[PDB]
Amino acid sequence: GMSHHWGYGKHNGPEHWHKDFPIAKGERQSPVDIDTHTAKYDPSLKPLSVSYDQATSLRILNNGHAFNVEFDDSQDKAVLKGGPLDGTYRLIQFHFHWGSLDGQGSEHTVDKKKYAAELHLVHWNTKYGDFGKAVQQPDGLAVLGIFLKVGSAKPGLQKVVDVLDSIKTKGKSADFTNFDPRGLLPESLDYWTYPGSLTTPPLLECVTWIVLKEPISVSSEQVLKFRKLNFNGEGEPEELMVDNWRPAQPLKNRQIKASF
Ligand SMILES: NS(=O)(=O)c1ccc(C(=O)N2CCN(C(=O)c3ccccc3)CC2)cc1
Ligand SMILES: [Zn+2]
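If you want it as structure tokens, here you go:
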């Protein structure tokens, strides 16, 4: 994507993406509003299994859109299974979407409520061998989405917050070993699920979304550090990395199912 020019500005933001990525107007785009009254309990959903005890983080990268905490996905270490999923999905990275103000930032909404931010733990289906092959399949990825609200600090997030000073600008990375993603989970694994897409270009319709009902709390100081990151590269005019979220897309011919 060396000739990609999409972003979150007025001239290159979500309303423009369809010109280079026509699937932006597709039949299973993400995110969506979760209408809690219309979502139906599905007693057939199997238990959700988040097995992160052997997770091996490697690095954190500012990619000019968000920051990714990257994992070693060359063995079954950190895996997601159960719930709506058939087979085994390996954790490759997590990242966040967040706002300029606490009243916006999430991609999914709940009865039109926007949270301050949203965490995406990205996993790929091991039956397709590599992430690049998985994104070409309708059941290639499983993204576990977790809402953030501003209140108490999340102790398990602080190691991420403190390293951000070293990856301020696009293209900067830092070693980020021994980070435990279990420290970012809420108590309950109750969730909603639906078939959708990547929420950034290339917007591929390859994702089973699993969105947890219980948000995690982070402090105002933690999210303020996210908002000091830059979309720009070093030695370019400063553009704060804020409002890096896609709004809700049409649900079209989809049902959202509840685990609870
Ligand atoms: N917000 S999200 O969780 O839907 C999400 C997850 C992953 C990504 C991502 O990092 N990419 C989009 C898919 N993608 C590819 O299709 C790809 C392109 C080139 C080589 C290999 C893979 C990799 C980059 C973007 C958005
Ligand atoms: Zn995301």
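Counted the way the entry's author numbering counts, the sequence shown spans residues 0 to 125, 127 to 260. A virtual CB, placed ideally from N, CA and C, is assigned to each residue, including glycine.
Is the beta carbon of residue i within less than 8 Å of some heavy atom of ligand 1?
i      : result
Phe231 : no
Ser197 : yes
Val143 : yes
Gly171 : no
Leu90  : no
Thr200 : yes
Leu184 : no
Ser29  : yes
Since residue i contacts residue j with CB under 8 Å, what's their CB separation in whole angstroms?
i      : j      : result
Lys168 : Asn230 : 5 Å
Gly82  : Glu117 : Not confirmed; about 18 Å, so no contact.
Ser48  : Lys80  : 5 Å
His96  : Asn67  : The Cβ separation is near 12 Å, so there is no contact.
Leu148 : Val78  : No, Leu148 and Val78 are not in contact; Cβ-Cβ is about 24 Å, not under 8 Å.
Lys225 : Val161 : 5 Å
Name the DSSP bridge partner or partners of residue i?
i           : result
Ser173      : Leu60
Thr208      : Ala142, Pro195
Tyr40       : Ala258
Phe226      : Partner(s): none; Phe226 has no beta bridge.
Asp32       : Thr108
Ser50       : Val78
residue 318 : Nothing can be reported for residue 318: it is not among the residues displayed for the chain, which extend from 0 to 260.
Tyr7        : Partner(s): none; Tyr7 has no beta bridge.
Return the CA-CA distance between residue i and residue j, expressed in angstroms with no decimal places.
i      : j      : result
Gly140 : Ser197 : 10 Å
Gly86  : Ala134 : 13 Å
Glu26  : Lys252 : 6 Å
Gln255 : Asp34  : 10 Å
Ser166 : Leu157 : 16 Å
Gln92  : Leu84  : 19 Å
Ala248 : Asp180 : 30 Å
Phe260 : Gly233 : 44 Å
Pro202 : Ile59  : 22 Å
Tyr191 : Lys213 : 5 Å
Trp209 : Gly0   : 25 Å
Is residue i near ligand 2, with its Cβ less than 8 Å from a heavy atom?
i      : result
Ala23  : no
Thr108 : no
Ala65  : yes
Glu14  : no
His36  : no
Is any heavy atom of ligand 4 found at a distance shorter than 8 Å from the C-beta of residue i?
i      : result
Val211 : Ligand 4 is not part of this structure, which contains only ligand 1 and ligand 2.
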